[PDB]
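Pasted below: work.cif, mmCIF, N, CA and C atoms.
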```cif
data_run
loop_
_atom_site.group_PDB
_atom_site.id
_atom_site.type_symbol
_atom_site.label_atom_id
_atom_site.label_comp_id
_atom_site.auth_asym_id
_atom_site.auth_seq_id
_atom_site.Cartn_x
_atom_site.Cartn_y
_atom_site.Cartn_z
ATOM 1 N N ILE D 100 0.840 -1.188 0.000
ATOM 2 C CA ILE D 100 0.000 0.000 0.000
ATOM 3 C C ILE D 100 0.876 1.240 0.000
ATOM 4 N N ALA D 101 0.582 2.169 -0.899
ATOM 5 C CA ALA D 101 1.162 3.497 -0.817
ATOM 6 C C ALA D 101 0.470 4.266 0.296
ATOM 7 N N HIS D 102 1.233 4.708 1.290
ATOM 8 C CA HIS D 102 0.681 5.561 2.329
ATOM 9 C C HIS D 102 1.578 6.767 2.538
ATOM 10 N N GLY D 103 0.943 7.890 2.850
ATOM 11 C CA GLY D 103 1.577 9.185 2.764
ATOM 12 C C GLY D 103 2.026 9.810 4.064
ATOM 13 N N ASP D 104 2.648 9.032 4.932
ATOM 14 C CA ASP D 104 3.330 9.599 6.078
ATOM 15 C C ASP D 104 4.832 9.543 5.845
ATOM 16 N N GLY D 105 5.587 9.965 6.848
ATOM 17 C CA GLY D 105 7.019 10.084 6.686
ATOM 18 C C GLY D 105 7.795 8.809 6.929
ATOM 19 N N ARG D 106 7.421 7.729 6.255
ATOM 20 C CA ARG D 106 8.186 6.495 6.316
ATOM 21 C C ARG D 106 9.276 6.521 5.257
ATOM 22 N N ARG D 107 9.955 5.394 5.090
ATOM 23 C CA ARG D 107 10.447 5.101 3.763
ATOM 24 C C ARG D 107 9.444 4.200 3.079
ATOM 25 N N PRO D 108 8.799 4.646 2.017
ATOM 26 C CA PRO D 108 7.983 3.730 1.224
ATOM 27 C C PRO D 108 8.867 2.769 0.453
ATOM 28 N N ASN D 109 8.353 1.564 0.239
ATOM 29 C CA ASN D 109 9.137 0.481 -0.328
ATOM 30 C C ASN D 109 8.679 0.156 -1.740
ATOM 31 N N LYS D 110 9.615 -0.343 -2.530
ATOM 32 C CA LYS D 110 9.443 -0.534 -3.960
ATOM 33 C C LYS D 110 8.778 -1.888 -4.219
ATOM 34 N N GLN D 111 8.821 -2.363 -5.459
ATOM 35 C CA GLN D 111 8.242 -3.656 -5.784
ATOM 36 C C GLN D 111 9.081 -4.790 -5.208
ATOM 37 N N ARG D 112 8.431 -5.932 -4.977
ATOM 38 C CA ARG D 112 9.071 -7.085 -4.358
ATOM 39 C C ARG D 112 8.873 -8.330 -5.211
ATOM 40 N N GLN D 113 9.573 -9.392 -4.824
ATOM 41 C CA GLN D 113 9.779 -10.543 -5.689
ATOM 42 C C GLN D 113 10.261 -11.702 -4.828
ATOM 43 N N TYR D 114 9.834 -12.922 -5.165
ATOM 44 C CA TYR D 114 10.212 -14.072 -4.354
ATOM 45 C C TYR D 114 10.603 -15.275 -5.198
ATOM 46 N N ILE D 115 11.466 -16.097 -4.611
ATOM 47 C CA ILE D 115 11.976 -17.312 -5.220
ATOM 48 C C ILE D 115 11.616 -18.455 -4.284
ATOM 49 N N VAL D 116 10.703 -19.315 -4.720
ATOM 50 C CA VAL D 116 10.229 -20.431 -3.916
ATOM 51 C C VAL D 116 10.561 -21.719 -4.650
ATOM 52 N N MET D 117 11.446 -22.518 -4.066
ATOM 53 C CA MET D 117 11.947 -23.744 -4.671
ATOM 54 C C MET D 117 11.236 -24.946 -4.069
ATOM 55 N N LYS D 118 10.697 -25.814 -4.920
ATOM 56 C CA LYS D 118 10.069 -27.044 -4.456
ATOM 57 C C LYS D 118 10.650 -28.238 -5.191
ATOM 58 N N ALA D 119 10.727 -29.360 -4.483
ATOM 59 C CA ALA D 119 11.301 -30.580 -5.021
ATOM 60 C C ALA D 119 10.384 -31.753 -4.720
ATOM 61 N N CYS D 120 10.457 -32.775 -5.563
ATOM 62 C CA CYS D 120 9.750 -34.005 -5.266
ATOM 63 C C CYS D 120 10.477 -34.782 -4.177
ATOM 64 N N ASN D 121 9.816 -35.822 -3.687
ATOM 65 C CA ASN D 121 10.402 -36.715 -2.702
ATOM 66 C C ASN D 121 10.202 -38.144 -3.166
ATOM 67 N N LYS D 122 11.254 -38.942 -3.062
ATOM 68 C CA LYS D 122 11.257 -40.293 -3.589
ATOM 69 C C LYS D 122 10.780 -41.268 -2.528
ATOM 70 N N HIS D 123 10.068 -42.302 -2.963
ATOM 71 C CA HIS D 123 9.672 -43.385 -2.072
ATOM 72 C C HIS D 123 9.733 -44.699 -2.832
ATOM 73 N N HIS D 124 10.537 -45.628 -2.333
ATOM 74 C CA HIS D 124 10.515 -47.007 -2.788
ATOM 75 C C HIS D 124 9.580 -47.810 -1.894
ATOM 76 N N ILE D 125 9.069 -48.919 -2.421
ATOM 77 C CA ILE D 125 8.244 -49.853 -1.657
ATOM 78 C C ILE D 125 8.652 -51.271 -2.046
ATOM 79 N N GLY D 126 8.981 -52.111 -1.057
ATOM 80 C CA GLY D 126 9.424 -53.468 -1.348
ATOM 81 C C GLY D 126 8.630 -54.603 -0.723
ATOM 82 N N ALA D 127 8.179 -55.546 -1.549
ATOM 83 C CA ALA D 127 7.287 -56.641 -1.173
ATOM 84 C C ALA D 127 8.011 -57.976 -1.337
ATOM 85 N N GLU D 128 7.254 -59.070 -1.274
ATOM 86 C CA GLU D 128 7.861 -60.394 -1.282
ATOM 87 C C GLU D 128 6.892 -61.437 -1.822
ATOM 88 N N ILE D 129 7.390 -62.309 -2.693
ATOM 89 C CA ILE D 129 6.694 -63.523 -3.100
ATOM 90 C C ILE D 129 7.695 -64.665 -3.015
ATOM 91 N N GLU D 130 7.321 -65.748 -2.339
ATOM 92 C CA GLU D 130 8.046 -67.006 -2.430
ATOM 93 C C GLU D 130 7.219 -68.006 -3.216
ATOM 94 N N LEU D 131 7.878 -68.779 -4.065
ATOM 95 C CA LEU D 131 7.210 -69.840 -4.794
ATOM 96 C C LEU D 131 7.875 -71.171 -4.488
ATOM 97 N N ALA D 132 7.167 -72.243 -4.809
ATOM 98 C CA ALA D 132 7.607 -73.569 -4.417
ATOM 99 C C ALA D 132 8.637 -74.125 -5.393
ATOM 100 N N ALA D 133 9.362 -75.142 -4.929
ATOM 101 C CA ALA D 133 10.206 -75.916 -5.829
ATOM 102 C C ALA D 133 9.365 -76.654 -6.853
ATOM 103 N N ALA D 134 8.376 -77.411 -6.380
ATOM 104 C CA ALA D 134 7.617 -78.292 -7.255
ATOM 105 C C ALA D 134 6.718 -77.512 -8.198
ATOM 106 N N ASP D 135 6.235 -76.350 -7.757
ATOM 107 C CA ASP D 135 5.335 -75.541 -8.570
ATOM 108 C C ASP D 135 6.031 -75.031 -9.825
ATOM 109 N N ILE D 136 7.261 -74.543 -9.675
ATOM 110 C CA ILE D 136 8.058 -74.135 -10.822
ATOM 111 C C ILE D 136 8.425 -75.346 -11.667
ATOM 112 N N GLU D 137 8.551 -76.515 -11.041
ATOM 113 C CA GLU D 137 8.831 -77.727 -11.798
ATOM 114 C C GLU D 137 7.617 -78.150 -12.618
ATOM 115 N N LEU D 138 6.500 -78.448 -11.958
ATOM 116 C CA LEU D 138 5.397 -79.069 -12.678
ATOM 117 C C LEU D 138 4.511 -78.072 -13.409
ATOM 118 N N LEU D 139 4.970 -76.839 -13.607
ATOM 119 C CA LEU D 139 4.250 -75.889 -14.441
ATOM 120 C C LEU D 139 4.251 -76.290 -15.917
ATOM 121 N N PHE D 140 5.141 -77.187 -16.337
ATOM 122 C CA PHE D 140 5.303 -77.463 -17.756
ATOM 123 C C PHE D 140 4.918 -78.876 -18.177
ATOM 124 N N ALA D 141 4.487 -79.739 -17.260
ATOM 125 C CA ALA D 141 4.100 -81.086 -17.657
ATOM 126 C C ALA D 141 2.715 -81.084 -18.304
ATOM 127 N N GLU D 142 2.353 -82.218 -18.899
ATOM 128 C CA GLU D 142 1.185 -82.299 -19.770
ATOM 129 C C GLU D 142 0.881 -83.781 -19.962
ATOM 130 N N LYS D 143 -0.264 -84.076 -20.590
ATOM 131 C CA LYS D 143 -0.610 -85.300 -21.313
ATOM 132 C C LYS D 143 -0.918 -86.481 -20.372
ATOM 133 N N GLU D 144 -0.648 -86.369 -19.079
ATOM 134 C CA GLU D 144 -0.703 -87.535 -18.214
ATOM 135 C C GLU D 144 -2.120 -87.853 -17.766
ATOM 136 N N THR D 145 -2.225 -88.690 -16.733
ATOM 137 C CA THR D 145 -3.489 -89.197 -16.232
ATOM 138 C C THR D 145 -4.394 -88.063 -15.741
ATOM 139 N N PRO D 146 -5.714 -88.283 -15.725
ATOM 140 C CA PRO D 146 -6.621 -87.278 -15.142
ATOM 141 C C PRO D 146 -6.418 -86.996 -13.660
ATOM 142 N N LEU D 147 -5.604 -87.773 -12.946
ATOM 143 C CA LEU D 147 -5.144 -87.337 -11.636
ATOM 144 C C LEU D 147 -4.138 -86.205 -11.743
ATOM 145 N N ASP D 148 -3.325 -86.183 -12.789
ATOM 146 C CA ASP D 148 -2.254 -85.199 -12.821
ATOM 147 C C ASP D 148 -2.695 -83.826 -13.308
ATOM 148 N N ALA R 296 3.348 -123.696 -29.373
ATOM 149 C CA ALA R 296 2.739 -122.446 -29.831
ATOM 150 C C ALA R 296 1.614 -122.101 -28.858
ATOM 151 N N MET R 297 1.915 -121.260 -27.877
ATOM 152 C CA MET R 297 0.941 -120.910 -26.852
ATOM 153 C C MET R 297 0.051 -119.770 -27.339
ATOM 154 N N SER R 298 -0.750 -119.217 -26.431
ATOM 155 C CA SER R 298 -1.572 -118.051 -26.698
ATOM 156 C C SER R 298 -1.632 -117.213 -25.436
ATOM 157 N N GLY R 299 -1.835 -115.911 -25.597
ATOM 158 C CA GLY R 299 -1.870 -115.034 -24.453
ATOM 159 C C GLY R 299 -2.169 -113.592 -24.793
ATOM 160 N N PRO R 300 -2.069 -112.718 -23.794
ATOM 161 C CA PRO R 300 -2.443 -111.315 -23.995
ATOM 162 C C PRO R 300 -1.450 -110.569 -24.871
ATOM 163 N N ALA R 301 -1.981 -109.707 -25.733
ATOM 164 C CA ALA R 301 -1.164 -108.886 -26.610
ATOM 165 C C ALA R 301 -0.858 -107.519 -26.028
ATOM 166 N N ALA R 302 -1.452 -107.169 -24.898
ATOM 167 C CA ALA R 302 -1.262 -105.847 -24.333
ATOM 168 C C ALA R 302 -1.405 -105.945 -22.824
ATOM 169 N N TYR R 303 -1.365 -104.803 -22.167
ATOM 170 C CA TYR R 303 -1.483 -104.756 -20.722
ATOM 171 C C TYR R 303 -2.938 -104.509 -20.337
ATOM 172 N N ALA R 304 -3.168 -104.171 -19.072
ATOM 173 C CA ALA R 304 -4.474 -103.751 -18.592
ATOM 174 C C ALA R 304 -4.333 -102.410 -17.892
ATOM 175 N N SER R 305 -5.250 -101.496 -18.177
ATOM 176 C CA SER R 305 -5.105 -100.111 -17.760
ATOM 177 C C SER R 305 -5.607 -99.905 -16.337
ATOM 178 N N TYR R 306 -5.263 -98.746 -15.780
ATOM 179 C CA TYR R 306 -5.732 -98.369 -14.452
ATOM 180 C C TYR R 306 -5.632 -96.856 -14.341
ATOM 181 N N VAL R 307 -6.774 -96.179 -14.365
ATOM 182 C CA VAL R 307 -6.845 -94.726 -14.350
ATOM 183 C C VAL R 307 -7.637 -94.343 -13.111
ATOM 184 N N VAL R 308 -7.322 -93.183 -12.541
ATOM 185 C CA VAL R 308 -7.929 -92.746 -11.294
ATOM 186 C C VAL R 308 -8.927 -91.663 -11.701
ATOM 187 N N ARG R 309 -9.513 -91.832 -12.881
ATOM 188 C CA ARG R 309 -10.592 -90.957 -13.312
ATOM 189 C C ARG R 309 -11.837 -91.187 -12.465
ATOM 190 N N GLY R 310 -12.676 -90.160 -12.399
ATOM 191 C CA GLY R 310 -13.962 -90.307 -11.752
ATOM 192 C C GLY R 310 -13.862 -90.241 -10.237
ATOM 193 N N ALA R 311 -14.745 -90.993 -9.576
ATOM 194 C CA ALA R 311 -14.851 -90.967 -8.125
ATOM 195 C C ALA R 311 -13.655 -91.587 -7.419
ATOM 196 N N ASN R 312 -12.814 -92.343 -8.134
ATOM 197 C CA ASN R 312 -11.539 -92.796 -7.583
ATOM 198 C C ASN R 312 -10.682 -91.620 -7.161
ATOM 199 N N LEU R 313 -10.719 -90.544 -7.947
ATOM 200 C CA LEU R 313 -9.877 -89.382 -7.711
ATOM 201 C C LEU R 313 -10.243 -88.677 -6.420
ATOM 202 N N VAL R 314 -11.513 -88.756 -6.023
ATOM 203 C CA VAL R 314 -12.018 -87.961 -4.909
ATOM 204 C C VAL R 314 -11.403 -88.406 -3.592
ATOM 205 N N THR R 315 -11.487 -89.700 -3.295
ATOM 206 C CA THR R 315 -10.867 -90.225 -2.088
ATOM 207 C C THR R 315 -9.352 -90.198 -2.192
ATOM 208 N N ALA R 316 -8.827 -90.222 -3.416
ATOM 209 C CA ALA R 316 -7.389 -90.142 -3.616
ATOM 210 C C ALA R 316 -6.864 -88.762 -3.255
ATOM 211 N N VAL R 317 -7.518 -87.718 -3.754
ATOM 212 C CA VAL R 317 -7.075 -86.361 -3.466
ATOM 213 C C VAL R 317 -7.366 -85.999 -2.017
ATOM 214 N N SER R 318 -8.594 -86.243 -1.570
ATOM 215 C CA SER R 318 -9.012 -85.731 -0.272
ATOM 216 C C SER R 318 -8.530 -86.620 0.866
ATOM 217 N N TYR R 319 -9.024 -87.851 0.917
ATOM 218 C CA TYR R 319 -8.695 -88.747 2.015
ATOM 219 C C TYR R 319 -7.315 -89.350 1.875
ATOM 220 N N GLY R 320 -6.717 -89.265 0.692
ATOM 221 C CA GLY R 320 -5.388 -89.794 0.510
ATOM 222 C C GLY R 320 -5.299 -91.295 0.506
ATOM 223 N N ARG R 321 -6.392 -91.990 0.199
ATOM 224 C CA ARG R 321 -6.396 -93.430 -0.017
ATOM 225 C C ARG R 321 -7.379 -93.725 -1.138
ATOM 226 N N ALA R 322 -7.055 -94.690 -2.000
ATOM 227 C CA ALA R 322 -7.820 -94.895 -3.228
ATOM 228 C C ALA R 322 -8.318 -96.328 -3.339
ATOM 229 N N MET R 323 -8.935 -96.622 -4.479
ATOM 230 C CA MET R 323 -9.637 -97.872 -4.713
ATOM 231 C C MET R 323 -9.085 -98.550 -5.953
ATOM 232 N N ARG R 324 -9.706 -99.668 -6.311
ATOM 233 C CA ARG R 324 -9.591 -100.230 -7.647
ATOM 234 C C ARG R 324 -10.954 -100.764 -8.041
ATOM 235 N N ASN R 325 -11.433 -100.351 -9.218
ATOM 236 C CA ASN R 325 -12.753 -100.698 -9.755
ATOM 237 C C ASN R 325 -13.858 -100.278 -8.786
ATOM 238 N N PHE R 326 -13.950 -98.957 -8.637
ATOM 239 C CA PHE R 326 -14.821 -98.355 -7.640
ATOM 240 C C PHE R 326 -16.281 -98.670 -7.907
ATOM 241 N N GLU R 327 -16.673 -98.756 -9.178
ATOM 242 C CA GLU R 327 -18.072 -99.034 -9.485
ATOM 243 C C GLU R 327 -18.438 -100.469 -9.127
ATOM 244 N N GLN R 328 -17.582 -101.427 -9.488
ATOM 245 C CA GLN R 328 -17.820 -102.821 -9.130
ATOM 246 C C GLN R 328 -17.725 -103.017 -7.630
ATOM 247 N N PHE R 329 -16.889 -102.218 -6.981
ATOM 248 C CA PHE R 329 -16.905 -102.130 -5.530
ATOM 249 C C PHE R 329 -18.223 -101.557 -5.023
ATOM 250 N N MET R 330 -18.792 -100.600 -5.745
ATOM 251 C CA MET R 330 -19.989 -99.929 -5.260
ATOM 252 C C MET R 330 -21.238 -100.772 -5.462
ATOM 253 N N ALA R 331 -21.282 -101.557 -6.540
ATOM 254 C CA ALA R 331 -22.485 -102.305 -6.884
ATOM 255 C C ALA R 331 -22.784 -103.423 -5.899
ATOM 256 N N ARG R 332 -21.803 -103.863 -5.124
ATOM 257 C CA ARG R 332 -22.066 -104.837 -4.079
ATOM 258 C C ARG R 332 -22.520 -104.200 -2.781
ATOM 259 N N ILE R 333 -22.665 -102.877 -2.726
ATOM 260 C CA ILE R 333 -23.046 -102.185 -1.503
ATOM 261 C C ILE R 333 -24.311 -101.354 -1.694
ATOM 262 N N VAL R 334 -24.380 -100.580 -2.770
ATOM 263 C CA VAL R 334 -25.570 -99.762 -2.970
ATOM 264 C C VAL R 334 -26.647 -100.502 -3.765
ATOM 265 N N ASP R 335 -26.273 -101.466 -4.607
ATOM 266 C CA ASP R 335 -27.238 -102.175 -5.441
ATOM 267 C C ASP R 335 -27.629 -103.514 -4.823
ATOM 268 N N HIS R 336 -26.659 -104.390 -4.584
ATOM 269 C CA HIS R 336 -26.920 -105.725 -4.063
ATOM 270 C C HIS R 336 -26.113 -105.906 -2.787
ATOM 271 N N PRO R 337 -26.601 -105.388 -1.659
ATOM 272 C CA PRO R 337 -25.799 -105.440 -0.433
ATOM 273 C C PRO R 337 -25.827 -106.779 0.273
ATOM 274 N N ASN R 338 -26.794 -107.643 -0.012
ATOM 275 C CA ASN R 338 -26.911 -108.912 0.691
ATOM 276 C C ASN R 338 -26.240 -110.070 -0.036
ATOM 277 N N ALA R 339 -25.450 -109.790 -1.069
ATOM 278 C CA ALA R 339 -24.985 -110.836 -1.972
ATOM 279 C C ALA R 339 -23.927 -111.710 -1.314
ATOM 280 N N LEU R 340 -24.156 -113.015 -1.349
ATOM 281 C CA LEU R 340 -23.252 -113.959 -0.723
ATOM 282 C C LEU R 340 -21.989 -114.109 -1.567
ATOM 283 N N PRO R 341 -20.862 -114.472 -0.955
ATOM 284 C CA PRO R 341 -19.668 -114.749 -1.763
ATOM 285 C C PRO R 341 -19.775 -116.057 -2.532
ATOM 286 N N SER R 342 -20.043 -115.955 -3.828
ATOM 287 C CA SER R 342 -20.206 -117.112 -4.691
ATOM 288 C C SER R 342 -19.400 -116.900 -5.959
ATOM 289 N N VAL R 343 -18.788 -117.979 -6.451
ATOM 290 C CA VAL R 343 -17.726 -117.862 -7.447
ATOM 291 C C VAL R 343 -18.285 -117.464 -8.807
ATOM 292 N N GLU R 344 -19.474 -117.977 -9.149
ATOM 293 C CA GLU R 344 -20.011 -117.914 -10.512
ATOM 294 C C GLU R 344 -20.199 -116.486 -11.010
#
```

Translate this file's structure into structure tokens.
Amino acid sequence: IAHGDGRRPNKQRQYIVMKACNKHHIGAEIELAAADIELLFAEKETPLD
Amino acid sequence: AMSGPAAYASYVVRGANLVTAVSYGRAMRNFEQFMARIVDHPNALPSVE
């Protein structure tokens, strides 16, 4: 505001505002079986299999 | 010059054989012929013919 008393009136102003992202990793887990990875590829056998 | 079988005899755990095999962990042989002496003719005496 321009005001007319005996201050020092001040000129135009300006600002520098720096913002940055923040990183987040997230880590989970799956274990699988020995036999499951094995018998994923068999075929053709008895209706029990 | 004898005579005899030209092949083997099969055994598959198809059908209701599979059920007690998977669940109860004990199985049968010829489940239907096993069943017909219990649900159809339960009083049948042991006779060879």

Proximity check chain R to chain D, 7 Å, nearest pairs one decimal Å, only N, CA and C atoms, as JSON lines:
```
{"residue": "R:307", "atom": "CA", "partner": "D:146", "partner_atom": "N", "distance": 6.7}
{"residue": "R:308", "atom": "C", "partner": "D:147", "partner_atom": "N", "distance": 5.3}
{"residue": "R:309", "atom": "N", "partner": "D:147", "partner_atom": "N", "distance": 5.6}
{"residue": "R:313", "atom": "CA", "partner": "D:147", "partner_atom": "CA", "distance": 6.5}
```

I need the residues from that last selection saved to file as a PDB file, in the coordinates of the input (with N, CA and C atoms), if you can.
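Listed below is the output, again.pdb:
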```
ATOM      1  N   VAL R 307      -6.774 -96.179 -14.365  1.00  0.00           N
ATOM      2  CA  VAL R 307      -6.845 -94.726 -14.350  1.00  0.00           C
ATOM      3  C   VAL R 307      -7.637 -94.343 -13.111  1.00  0.00           C
ATOM      4  N   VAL R 308      -7.322 -93.183 -12.541  1.00  0.00           N
ATOM      5  CA  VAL R 308      -7.929 -92.746 -11.294  1.00  0.00           C
ATOM      6  C   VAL R 308      -8.927 -91.663 -11.701  1.00  0.00           C
ATOM      7  N   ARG R 309      -9.513 -91.832 -12.881  1.00  0.00           N
ATOM      8  CA  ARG R 309     -10.592 -90.957 -13.312  1.00  0.00           C
ATOM      9  C   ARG R 309     -11.837 -91.187 -12.465  1.00  0.00           C
ATOM     10  N   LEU R 313     -10.719 -90.544  -7.947  1.00  0.00           N
ATOM     11  CA  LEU R 313      -9.877 -89.382  -7.711  1.00  0.00           C
ATOM     12  C   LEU R 313     -10.243 -88.677  -6.420  1.00  0.00           C
TER      13      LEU R 313
END
```

- Task: Would you please give, as number ranges by chain, all residues of chain D that DSSP assigns to helix (DSSP H, G or I) based on the backbone?
- Result: D: 133-137

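Atom to atom, atom CA of residue 113 of chain D and atom N of residue 100 of chain D stand 14.1 Å apart.
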
- Interatomic distance, atom CA of residue 311 of chain R to atom CA of residue 324 of chain R (Å, one decimal): 10.7 Å

- Message: Just the number, please: distance in Å from atom CA of residue 325 of chain R to atom N of residue 312 of chain R, one decimal.
- Response: 8.5 Å

Since the input lacks some atoms of segment 108-123 of chain D, please model N, CA, C and O atoms and print them as a PDB file, keeping the file's coordinate frame.
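That gives us part.pdb:
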```pdb
ATOM      1  N   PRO D 108       8.799   4.646   2.017  1.00  0.00           N
ATOM      2  CA  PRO D 108       7.983   3.730   1.224  1.00  0.00           C
ATOM      3  C   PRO D 108       8.867   2.769   0.453  1.00  0.00           C
ATOM      4  O   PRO D 108       9.991   3.099   0.068  1.00  0.00           O
ATOM      5  N   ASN D 109       8.353   1.564   0.239  1.00  0.00           N
ATOM      6  CA  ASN D 109       9.137   0.481  -0.328  1.00  0.00           C
ATOM      7  C   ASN D 109       8.679   0.156  -1.740  1.00  0.00           C
ATOM      8  O   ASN D 109       7.511   0.336  -2.096  1.00  0.00           O
ATOM      9  N   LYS D 110       9.615  -0.343  -2.530  1.00  0.00           N
ATOM     10  CA  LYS D 110       9.443  -0.534  -3.960  1.00  0.00           C
ATOM     11  C   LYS D 110       8.778  -1.888  -4.219  1.00  0.00           C
ATOM     12  O   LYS D 110       8.203  -2.494  -3.313  1.00  0.00           O
ATOM     13  N   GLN D 111       8.821  -2.363  -5.459  1.00  0.00           N
ATOM     14  CA  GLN D 111       8.242  -3.656  -5.784  1.00  0.00           C
ATOM     15  C   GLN D 111       9.081  -4.790  -5.208  1.00  0.00           C
ATOM     16  O   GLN D 111      10.282  -4.643  -4.968  1.00  0.00           O
ATOM     17  N   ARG D 112       8.431  -5.932  -4.977  1.00  0.00           N
ATOM     18  CA  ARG D 112       9.071  -7.085  -4.358  1.00  0.00           C
ATOM     19  C   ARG D 112       8.873  -8.330  -5.211  1.00  0.00           C
ATOM     20  O   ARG D 112       8.097  -8.348  -6.169  1.00  0.00           O
ATOM     21  N   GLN D 113       9.573  -9.392  -4.824  1.00  0.00           N
ATOM     22  CA  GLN D 113       9.779 -10.543  -5.689  1.00  0.00           C
ATOM     23  C   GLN D 113      10.261 -11.702  -4.828  1.00  0.00           C
ATOM     24  O   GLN D 113      11.003 -11.493  -3.865  1.00  0.00           O
ATOM     25  N   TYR D 114       9.834 -12.922  -5.165  1.00  0.00           N
ATOM     26  CA  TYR D 114      10.212 -14.072  -4.354  1.00  0.00           C
ATOM     27  C   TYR D 114      10.603 -15.275  -5.198  1.00  0.00           C
ATOM     28  O   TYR D 114      10.152 -15.452  -6.332  1.00  0.00           O
ATOM     29  N   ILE D 115      11.466 -16.097  -4.611  1.00  0.00           N
ATOM     30  CA  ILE D 115      11.976 -17.312  -5.220  1.00  0.00           C
ATOM     31  C   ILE D 115      11.616 -18.455  -4.284  1.00  0.00           C
ATOM     32  O   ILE D 115      12.162 -18.557  -3.177  1.00  0.00           O
ATOM     33  N   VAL D 116      10.703 -19.315  -4.720  1.00  0.00           N
ATOM     34  CA  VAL D 116      10.229 -20.431  -3.916  1.00  0.00           C
ATOM     35  C   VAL D 116      10.561 -21.719  -4.650  1.00  0.00           C
ATOM     36  O   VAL D 116      10.008 -21.992  -5.724  1.00  0.00           O
ATOM     37  N   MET D 117      11.446 -22.518  -4.066  1.00  0.00           N
ATOM     38  CA  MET D 117      11.947 -23.744  -4.671  1.00  0.00           C
ATOM     39  C   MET D 117      11.236 -24.946  -4.069  1.00  0.00           C
ATOM     40  O   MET D 117      11.183 -25.086  -2.844  1.00  0.00           O
ATOM     41  N   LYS D 118      10.697 -25.814  -4.920  1.00  0.00           N
ATOM     42  CA  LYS D 118      10.069 -27.044  -4.456  1.00  0.00           C
ATOM     43  C   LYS D 118      10.650 -28.238  -5.191  1.00  0.00           C
ATOM     44  O   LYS D 118      11.000 -28.154  -6.369  1.00  0.00           O
ATOM     45  N   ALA D 119      10.727 -29.360  -4.483  1.00  0.00           N
ATOM     46  CA  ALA D 119      11.301 -30.580  -5.021  1.00  0.00           C
ATOM     47  C   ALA D 119      10.384 -31.753  -4.720  1.00  0.00           C
ATOM     48  O   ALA D 119       9.625 -31.733  -3.750  1.00  0.00           O
ATOM     49  N   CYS D 120      10.457 -32.775  -5.563  1.00  0.00           N
ATOM     50  CA  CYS D 120       9.750 -34.005  -5.266  1.00  0.00           C
ATOM     51  C   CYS D 120      10.477 -34.782  -4.177  1.00  0.00           C
ATOM     52  O   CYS D 120      11.603 -34.466  -3.790  1.00  0.00           O
ATOM     53  N   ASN D 121       9.816 -35.822  -3.687  1.00  0.00           N
ATOM     54  CA  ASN D 121      10.402 -36.715  -2.702  1.00  0.00           C
ATOM     55  C   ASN D 121      10.202 -38.144  -3.166  1.00  0.00           C
ATOM     56  O   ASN D 121       9.110 -38.508  -3.610  1.00  0.00           O
ATOM     57  N   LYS D 122      11.254 -38.942  -3.062  1.00  0.00           N
ATOM     58  CA  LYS D 122      11.257 -40.293  -3.589  1.00  0.00           C
ATOM     59  C   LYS D 122      10.780 -41.268  -2.528  1.00  0.00           C
ATOM     60  O   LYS D 122      11.057 -41.095  -1.339  1.00  0.00           O
ATOM     61  N   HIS D 123      10.068 -42.302  -2.963  1.00  0.00           N
ATOM     62  CA  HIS D 123       9.672 -43.385  -2.072  1.00  0.00           C
ATOM     63  C   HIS D 123       9.733 -44.699  -2.832  1.00  0.00           C
ATOM     64  O   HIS D 123       9.073 -44.857  -3.862  1.00  0.00           O
TER      65      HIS D 123
END
```
